[PDB]
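Visitor: This one's experimental. Sequence and coordinates below.
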Amino acid sequence: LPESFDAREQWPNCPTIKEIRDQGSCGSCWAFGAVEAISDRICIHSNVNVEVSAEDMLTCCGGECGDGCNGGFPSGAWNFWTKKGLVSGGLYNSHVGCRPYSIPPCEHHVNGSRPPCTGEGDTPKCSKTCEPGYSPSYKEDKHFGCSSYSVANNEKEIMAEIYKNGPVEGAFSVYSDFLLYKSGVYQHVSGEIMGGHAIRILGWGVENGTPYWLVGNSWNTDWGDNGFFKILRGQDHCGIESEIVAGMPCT
Ligand SMILES: *[C@]1(C(=O)N[C@H](C(=O)N[C@H](C(=O)O)[C@@H](C)CC)[C@@H](C)CC)O[C@@H]1C(=O)OCC
């Protein structure tokens with residue numbers, strides 16, 4: 001395996017890999033990390049490009065994935081993809097796809113032109129219909145996964161999985177010092193625990209001798225490093241290597 005790897009550069013024909021979304025005022029990171037990686041993999045293993053709907057995952061999976069905007073289970077999200085499939089759907093107010101995201105973007109721990117995010121956000125309804133004007137039908141727009149699995153808490157195995165099959169979804173414990181991340185390789189040193197947070201891991205590298213994972217957060221582009229961040233790799237830091245999940249699209 002190479003010393004560094006960036007899925008964005010390795011798969012130039014898959015622009016979703018470079019995208020950063022905004023989960024809004026809703027604890028749906030479990031859903032976002034999943035649909036983002038799934039969007040990437042559908043493109044990687046079908047070279048079609050599809051903006052997988054975070055809305056469909058968030059609202060229709062149900063208990064199998066947890067509790068909507070109250071948090072969820074990543075592995076459950078990939079299961080939904082293989083069992084019920086996912087329709088397309090872009091960003092809030094984009095009118096792209098069957099079910100675009102319905103929760104407005106906001107400012108996540110940073111100042112900006114958008115309204116500040118609020119902790120309170122209710123899970124939207126599971127509506128099995130597409131926006132007006134979009135074709136085909138909700139049912140016909142479903143994209144299915146043909147496998148859902150968990151990658152071991154093993155650095156090399158995780159790197160090999162990304163290297164071969166594309167970005168994966170992971171999760172780690174967020175402490176307050178992470179909220180102000182701007183650059184460099186994040187290492188937890190202080191702050192009250194905020195809770196678990198699911199994200200998309202799309203690569204790795206070494207910065208100033210410190211090994212790291214290249215990660216895409218779902219707090220828009222004005223947070224962190226253009227929406228991305230790097231976190232210590234190889235020490236299961238904050239549990240970053242303890243909950244890796246992925247899957248393969250049906251062919
Ligand atoms: C993952 C999650 O969504 N994380 C939360 C989060 O992202 N919070 C947002 C923030 O700006 O910090 C706000 C705007 C949304 C309400 C919290 C916990 C992290 C700081 O509860 C989700 C989950 O399913 O986690 C289990 C992996």
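Guide: Great, that's in hand. Residues are numbered from 1 along each chain as shown.
Visitor: who in this structure is up against the ligand?
Guide: 23, 25-30, 71-72, 108-109, 117, 119, 121, 171, 174, 194-198, 219 (C-beta under 6 Å from any ligand atom). Where you see a C-beta, it was placed from the backbone N, CA and C, and this is true even at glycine.
Visitor: Show me what the lengthiest helix in the chain packs onto, helices and strands only.
Guide: If you go by DSSP state H, the chain has its longest helix at helix 29-44. In terms of contacts (3 or more C-beta pairs under 8 Å, 6 or more residues apart in numbering; DSSP states H and E), helix 29-44 is packed against helix 54-60, helix 74-83, strand 168-175, strand 193-207, strand 244-249.
Visitor: For residue 128, find the nearest of those.
Guide: Evaluated over the helices and strands packed on helix 29-44, closeness to residue 128 peaks at helix 54-60, with 7.2 Å, by C-beta to C-beta.
Visitor: I would like the residues contacting that closest one, please.
Guide: 21, 23, 26, 28, 31-32, 34-35, 65, 68-69, 77, 80-81, 84, 86-87, 89, 98-102, 123-128 (C-beta atoms under 8 Å, 6 or more residues apart in numbering).
Visitor: ok, now which ones touch the residue minimising distance to the centre of the chain?
Guide: Nearest residue to the geometric centre of the chain (C-alpha atoms, centre = their mean): residue 33, 1.7 Å. Counting by C-beta under 8 Å, 6+ apart, residue 33 touches 74, 77, 169-171, 198-200, 218.
Visitor: Let me have these in JSON lines, adding neighbour count as columns.
Guide: Formatted as JSON lines, these follow (neighbours: other C-beta atoms under 10 Å):
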{"residue": "74", "neighbour count": "27"}
{"residue": "77", "neighbour count": "30"}
{"residue": "169", "neighbour count": "28"}
{"residue": "170", "neighbour count": "26"}
{"residue": "171", "neighbour count": "21"}
{"residue": "198", "neighbour count": "27"}
{"residue": "199", "neighbour count": "28"}
{"residue": "200", "neighbour count": "29"}
{"residue": "218", "neighbour count": "24"}
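Visitor: Nearest to residue 47 among those?
Guide: Using C-beta to C-beta, the contacts of residue 33 come closest to residue 47 at residue 200, 19.4 Å.
Visitor: check contacts around the closest one.
Guide: Going by C-beta under 8 Å, 6+ apart, the list of residues near residue 200 reads 32-33, 36-37, 40, 167-170, 215-216, 218.
Visitor: change it to 7 Å
Guide: 33, 36-37, 167, 169, 215-216 (C-beta atoms under 7 Å, 6 or more residues apart in numbering).
Visitor: Make CSV out of those and add distance to residue 3.
Guide: Listed next are the contacts of residue 200 as CSV, based on distance: C-beta to C-beta, whole Å:
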residue, distance to residue 3
33, 25
36, 25
37, 23
167, 19
169, 24
215, 18
216, 21
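Visitor: Scan those residues and report the most crowded one.
Guide: If you count neighbours using other C-beta atoms under 10 Å, the busiest of those is residue 37, which has 32 neighbours.
Visitor: check contacts around that residue.
Guide: 167-169, 200, 246.
Visitor: right, so the helices and strands packed on helix 29-44: which one is the most enclosed?
Guide: helix 54-60 (a mean of 27; mean count of other C-beta atoms under 10 Å).
Visitor: Identify the residues contacting residue 71.
Guide: Neighbour list for residue 71: 27, 30 [criterion: C-beta under 7 Å, 6+ apart].
Visitor: mind redoing it with 6 Å?
Guide: By C-beta atoms under 6 Å, 6 or more residues apart in numbering, residue 71 lies in contact with residue 27.
Visitor: didn't residue 229 look like it was pressed against residue 215?
Guide: Yes: assessed by C-beta atoms under 6 Å, residue 229 is found in contact with residue 215 at 5.3 Å.
Visitor: sorry, back to before: for PyMOL, write the selection for the buried entries among the contacts of helix 54-60.
Guide: Per 16 or more other C-beta atoms under 10 Å, the buried members of these correspond to this PyMOL selection:
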select buried, resi 21+23+26+28+31+32+34+35+65+68+69+77+80+81+84+86+87+89+98+99+100+101+102+123+124+128
